[PDB]
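**Student:** Build me a model:
(chains A, B, C, D, E, F, G and H, ligands or ions: 10)
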Amino acid sequence: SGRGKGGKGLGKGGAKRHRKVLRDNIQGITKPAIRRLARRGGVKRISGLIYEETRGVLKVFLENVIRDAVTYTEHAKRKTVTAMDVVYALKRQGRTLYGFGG
Amino acid sequence: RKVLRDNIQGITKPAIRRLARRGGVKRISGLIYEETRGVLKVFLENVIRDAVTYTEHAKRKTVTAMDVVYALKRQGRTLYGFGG
Amino acid sequence: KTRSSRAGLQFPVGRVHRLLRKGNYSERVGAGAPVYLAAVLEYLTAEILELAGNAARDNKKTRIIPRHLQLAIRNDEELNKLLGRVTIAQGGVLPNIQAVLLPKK
Amino acid sequence: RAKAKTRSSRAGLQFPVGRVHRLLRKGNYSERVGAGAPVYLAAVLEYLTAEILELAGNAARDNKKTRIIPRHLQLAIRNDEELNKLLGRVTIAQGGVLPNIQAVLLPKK
Amino acid sequence: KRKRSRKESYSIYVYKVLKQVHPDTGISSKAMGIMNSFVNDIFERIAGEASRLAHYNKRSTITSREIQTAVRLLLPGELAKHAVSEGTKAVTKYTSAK
Amino acid sequence: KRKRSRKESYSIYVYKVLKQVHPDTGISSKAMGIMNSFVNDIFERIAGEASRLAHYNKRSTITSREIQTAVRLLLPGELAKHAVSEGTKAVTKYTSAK
Amino acid sequence: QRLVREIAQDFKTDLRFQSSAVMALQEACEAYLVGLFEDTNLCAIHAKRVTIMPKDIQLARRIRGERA
Amino acid sequence: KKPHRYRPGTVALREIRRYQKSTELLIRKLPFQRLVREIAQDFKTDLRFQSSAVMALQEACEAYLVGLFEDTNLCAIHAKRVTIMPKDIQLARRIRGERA
Ligand SMILES: [Ca+2]
Ligand SMILES: [Ca+2]
Ligand SMILES: [Ca+2]
Ligand SMILES: [Ca+2]
Ligand SMILES: [Ca+2]
Ligand SMILES: [Cl-]
Ligand SMILES: [Cl-]
Ligand SMILES: [Cl-]
Ligand SMILES: [Cl-]
Ligand SMILES: [K+]
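**Tutor:** Numbers count the residues shown, from 1 in each chain, chains lettered A, B, ... in the order given. Ligands and ions are numbered 1, 2, ... in the order given. Structure data below:
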């Protein structure tokens, strides 16, 4: 049954077109890296609860920018996310970026 | 008088209390009424400067609601109900 | 026949079409675009009026006032977000007092 | 016929008046573009560019460097009250931040 | 006399949608003013994003596909789903009607 | 093969302005990328505000006047004065050099 | 109204205002202040106070990006 | 004498000066690239990225977090603490309008 009759657009049901199909990488945003980012931000002392809280926030930041980037991608009928897709995504989110185009 | 040539004082302590009440504020430092007045004034300076720039551009001597609506939009304070 | 009638719409397909052409958006405007746009403005207008009409009913009022719109919008997670940077003249704010400010019981 | 000189040269400008006039026409801003508008706009983009390069250059000289890099543009912009405001909501790739440590975080001498 | 410009507004269509969803409820002039501000705001948002879509993709034409992508970018999750649904339905019904 | 497709940029104009301002100073490829983003940004802003000014005033034509007003609204104090000064010079010089 | 006219004078002399222009400015200001007080209050409570103070307003405006 | 031991806070200050002085990216590039690809799968399968797209995303991410850490720090100091905490970040994101 599943849920939905027409899922030909999504392309989901993809495996063994060479290796692919990802893991659980948010942990690869290490505590040291988070402390480095907080150092650049002038932070001197950091509660242990900060690291998991930051991964949460970074994730929501990236879901929002990438969702809009990939929307630009799908609209341009492409399979490759360009830097300009991200730059248009960030300008939309009021996070205008210089030095990758436009 | 000083209040007519400093009209910002006409924004009374009672009026600032009512505003803070609507913002769910319970207790108010005595230093806030002056600080609010400073803030209110910057806001109106920024909005009225832009509004009057639209007025000058249109070659008018009268500021309209639209001049204000365009200025509020420019400043990221979009306002509904005055001719959006 | 009218373009609005053909699309099943209260909103004016013709007007919207004219506004897109003259509104300095693109050189050319496809025939679907004003139909789609009018339908969406109608959908969103309907959602707000449905909710504001309920707010009016709940206050034993037959007419929607700006407060009925403000209550409809601010108590709707998604409408509130769509209009997070919009001020509704004469709308007021939702009743809301921080817990630490209430007396003990 | 010809012995043509560019609109840039006639207006005393480095920035391309002609390119600017074509971008205004094709950029979907108005039906028509007056002949002064791209001269004026080309002038403004030249002035603003000159201003950022003047202040980036000083930041480059200050670091004993001959070439401006993203950090020099960032220092220049973030240390100038007005440029910082114009580009308050702009991220400069590879720019970093200004050295700023909150007083309260410094040890007591 | 006979000035007052002739200023267009969405208020007849707002009333028309109101009578569908709530046939016995009416609307103050300020409230209508806010509805009219609302339609012009969202119109401008969608069309502006649509203008950019077609510009980014070197296209001269805003089609229903630019409006549809504009709507996905601009409206939150559930609102976007229904908005796409209504726009798709309206285009489909309007082509089928010639 | 094919010669790579044409990618316009402001970078020859940025280099020419840099040589007036700092004759013995150069610029990294990234730096120039930022300069290019900057010019395109402020183009968009001034042009878009000018688009609106004409639109608000029922005018089909963006003139040097709309640019000027757009610049007054967009640039902070001292920056706006210089900019208005340099634009007004450049138009005046242009007009007299027909 | 007097405050609006006073502030307008610094930008241009002998300006007239539509009454709706002044009402639109008042609507906008009051909404802005009410909202700044909501944020000011949170900053006060964050510092374990019930009393809003100027530094609460300053931190709200610094984080909002209204002031440097 | 003992083996040398800096007081708690001294190395932190040093790191602050070091990283405020530099502009290099502070999240390891490959972990970030996987994370990006992983999130993108939720919106569309078998997506390719230009490397400049992944670099643009990382510049935007780090700039956002460094900035939020500036605001979080102010919120900690506002409450007369030196230790940033979840409720610091939360207040910063609430007043920013990022969060209800
Ligand atoms: Ca229906
Ligand atoms: Ca309905
Ligand atoms: Ca809803
Ligand atoms: Ca939602
Ligand atoms: Ca020089
Ligand atoms: Cl002109
Ligand atoms: Cl179409
Ligand atoms: Cl204080
Ligand atoms: Cl906490
Ligand atoms: K446009």
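**Student:** Stretch A:2-16 vs chain H: in contact?
**Tutor:** Yes: applying C-beta under 8 Å from any C-beta of the partner chain, one finds stretch A:2-16 in contact with chain H at A:10-12, A:14. Quick note: C-beta positions are derived from backbone N, CA and C, even for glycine.
**Student:** mind listing what's buried in whatever helix or strand residue G:4 lives in?
**Tutor:** When secondary structure is defined by DSSP states H and E, residue G:4 falls within helix G:2-9. Residues of helix G:2-9 classed as buried under the neighbour-count rule (16 or more other C-beta atoms under 10 Å in any protein chain shown) are G:3-4, G:6-8.
**Student:** in the helix or strand containing residue A:51, what counts as buried?
**Tutor:** When secondary structure is defined by DSSP H and E, residue A:51 falls within helix A:50-75. Going by neighbour count (16+ other C-beta under 10 Å), the buried part of helix A:50-75 is A:50-51, A:53-55, A:57-58, A:61-62, A:64-75.
**Student:** how about a markdown table for the residues of stretch A:2-16 next to chain H, with neighbour count, distance to chain B and secondary structure added?
**Tutor:** What follows is the residues of stretch A:2-16 next to chain H, written out as a markdown table (neighbours: other C-beta atoms under 10 Å in any protein chain shown; distance: C-beta to the nearest C-beta, whole Å; DSSP: H, G, I helix; E, B strand; the rest coil):
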| residue | neighbour count | distance to chain B | secondary structure |
| --- | --- | --- | --- |
| A:10 | 12 | 36 | coil |
| A:11 | 12 | 39 | coil |
| A:12 | 10 | 39 | coil |
| A:14 | 12 | 42 | coil |
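**Student:** got a markdown table for the residues you listed, with distance to residue C:48 too?
**Tutor:** Putting the residues of stretch A:2-16 next to chain H into a markdown table (distance: C-beta to C-beta, whole Å) gives the following:
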| residue | distance to residue C:48 |
| --- | --- |
| A:10 | 32 |
| A:11 | 36 |
| A:12 | 35 |
| A:14 | 41 |
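**Student:** Among those, list the two that are farthest apart in space.
**Tutor:** A:10 and A:14 (9.5 Å; C-beta to C-beta).
**Student:** What segments of chain C are strands?
**Tutor:** Secondary structure of chain C (DSSP state E): strands located at C:28-29, C:63-64, C:86-88.
**Student:** And the last one, how far out from the chain middle?
**Tutor:** Its chain's average C-alpha position is 12 Å from that of strand C:86-88, according to C-alpha atoms, centre = their mean, to the nearest Å.
**Student:** Can you name the residues in contact with that strand?
**Tutor:** Strand C:86-88 has contacts (C-beta atoms under 8 Å, 6 or more residues apart in numbering or on different chains) with B:72, B:77-81, C:66, C:69-70, C:73, E:34, E:41, G:27-28, G:31-32.
**Student:** quick one: strands adjacent to the helix or strand following the helix holding residue G:4?
**Tutor:** As assigned by DSSP H and E, the chain's next helix or strand after helix G:2-9 is strand G:16-17. Here strand G:16-17 has these sheet partners by DSSP bridges: strand B:62-63 (parallel).
**Student:** Off-centre distance for the partner strand?
**Tutor:** On C-alpha atoms, centre = their mean, the centre of strand B:62-63 falls 16 Å from the chain's centre.
**Student:** Within reach of ligand 8, which of the buried residues of helix A:50-75 are there?
**Tutor:** Within the set of these, contact with ligand 8 (C-beta under 5 Å from the ion) is found for no member.
**Student:** For the most centrally placed residue in chain A, list the residues it contacts.
**Tutor:** For chain A, the residue lying nearest the average C-alpha position, counting by C-alpha atoms, centre = their mean, turns out to be residue A:62 (3.3 Å). Taking C-beta under 8 Å, 6+ apart as the contact definition, residue A:62 lies against H:35-36, H:39, H:57, H:61.
**Student:** any chance of those residues in a markdown table, plus distance to residue E:85?
**Tutor:** A markdown table is the format used below for the contacts of residue A:62 (distance: C-beta to C-beta, whole Å):
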| residue | distance to residue E:85 |
| --- | --- |
| H:35 | 33 |
| H:36 | 31 |
| H:39 | 26 |
| H:57 | 31 |
| H:61 | 33 |
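**Student:** Taking the residues you listed, tell me the two that lie furthest apart.
**Tutor:** The span of the contacts of residue A:62, defined through C-beta to C-beta, is set by H:39 and H:61 at 11.2 Å.
**Student:** right, and the strands of chain C - which one's nearest residue E:68?
**Tutor:** Each of the strands of chain C was scored for nearness to residue E:68 using C-beta to C-beta, and the closest is strand C:28-29 (14.6 Å).
**Student:** if you look at the closest one, does any of it touch ligand 7?
**Tutor:** No: contact between strand C:28-29 and ligand 7 is absent, the nearest approach being 7.8 Å (criterion: C-beta under 5 Å from the ion).
**Student:** What strands line up against that strand, and which way round?
**Tutor:** Strand pairing for strand C:28-29, determined by DSSP bridges: strand E:61-62 (parallel).
**Student:** which residues are in contact with the partner strand?
**Tutor:** The contact list for strand E:61-62, computed with C-beta under 8 Å, 6+ apart, reads C:20, C:25-30, C:33, E:47, E:50-51, E:53-54.
**Student:** Just the buried subset of those residues, please.
**Tutor:** For the contacts of strand E:61-62, buried by 16+ other C-beta under 10 Å: C:20, C:25-26, C:29-30, C:33, E:47, E:50-51, E:53-54.
**Student:** could you pick out which of these are near ligand 10?
**Tutor:** residue E:51.
**Student:** Find the closest residue to chain F in chain E.
**Tutor:** Closest to chain F within chain E is residue E:48: 9.3 Å, counting by C-beta to the nearest C-beta.
**Student:** and the lengthiest helix in chain C, is it in reach of chain A?
**Tutor:** When secondary structure is assigned using DSSP state H, the longest helix within chain C turns out to be helix C:33-58. No: between helix C:33-58 and chain A, judged by C-beta under 8 Å from any C-beta, nothing touches; the nearest distance is 14.3 Å.
**Student:** just how off-centre is that helix within its chain?
**Tutor:** Averaging C-alpha positions (C-alpha atoms, centre = their mean) puts helix C:33-58 5 Å from its chain's average.
**Student:** ok, and for it, which residues are buried?
**Tutor:** C:33-49, C:51-56.
**Student:** check contacts around residue 11.
**Tutor:** I went with chain A, as the question did not name one. Residues in contact with residue A:11 (C-beta under 8 Å, 6+ apart) are H:44-46.
**Student:** Correction: the question concerned chain E.
**Tutor:** Shown here is residue E:11, whose contacts under the criterion C-beta under 8 Å, 6+ apart are E:32, E:35-36.
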